[PDB]
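A single chain comes next, written as structure tokens; it is the form solved without 2-oxoglutaric acid.
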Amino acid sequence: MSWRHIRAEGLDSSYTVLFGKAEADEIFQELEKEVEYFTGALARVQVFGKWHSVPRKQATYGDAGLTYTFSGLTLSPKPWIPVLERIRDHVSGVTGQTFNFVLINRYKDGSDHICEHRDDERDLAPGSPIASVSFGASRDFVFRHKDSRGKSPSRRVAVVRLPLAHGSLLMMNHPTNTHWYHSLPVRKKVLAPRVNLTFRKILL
């Protein structure tokens, strides 16, 4: 296997194609059958005083007895299902990193997206990495430095762009989520779904 080291000021991530095509295809099929996504209130978000649907489907799974915060609410993730344990075990076996929680984001096509944000959701263990595993359609991913955002940014730190491919792993290491925001921009020419899994080590 080959790893691409992604490096910039305050940015430390690693990228590899972790699952081969055949295995990644099988995993994607099973995820599409089995993952149960949020409906109702959890699929709505208020932004600048206006209510919208979250522009992607979401779900959480994790170890028994864990709780987390999802927009002002204390929730329990769903118990692990085998396909998720399979993915987690391969990531852990390869990297030596351990996780007890996963957030799943499903992008139905290129019109589903996520805006600039940090995973400084800190139900997280201090300094622990997040493993971002992708299945389905390739989608463009963008890292932007915290001081390079908006109309008149204080600094002009170069944007880091890469596509996240089917079966890929992007390890995001501290302090990436302190100094950088990431996003998945709208790509209208993408017609196929993508499932992204971000494995995390959350506090007990």
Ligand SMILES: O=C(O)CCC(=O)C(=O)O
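Residues carry their position along the shown sequence, with the first being 1.
Missing here is the form deposited with 2-oxoglutaric acid bound; even so, the following discussion is about that form.
- The shortest heavy atom separation between residue 141 and 2-oxoglutaric acid in the bound PDB entry is within 4.5 Å.
- Although the partner is absent here, residue 18 lies well away from 2-oxoglutaric acid in the bound PDB entry, with no heavy atom inside 4.5 Å.
- 2-oxoglutaric acid is not drawn, but in the bound PDB entry it has a heavy atom within 4.5 Å of residue 105.
- Contact annotation: residue 122 falls outside 4.5 Å of 2-oxoglutaric acid in the bound PDB entry, judged by heavy atom distances.
- Interface residue among 184, 24, 190, 11, judged by heavy atoms within 4.5 Å of 2-oxoglutaric acid in the bound PDB entry: 184.
- Among the residues 81, 75, 114, 94, the one placing a heavy atom within 4.5 Å of 2-oxoglutaric acid in the bound PDB entry is 114.
- Contacts between 166 to 204 and 2-oxoglutaric acid, taken as any heavy atom within 4.5 Å in the bound PDB entry, involve 182, 184, 194, 196, 198, 200.
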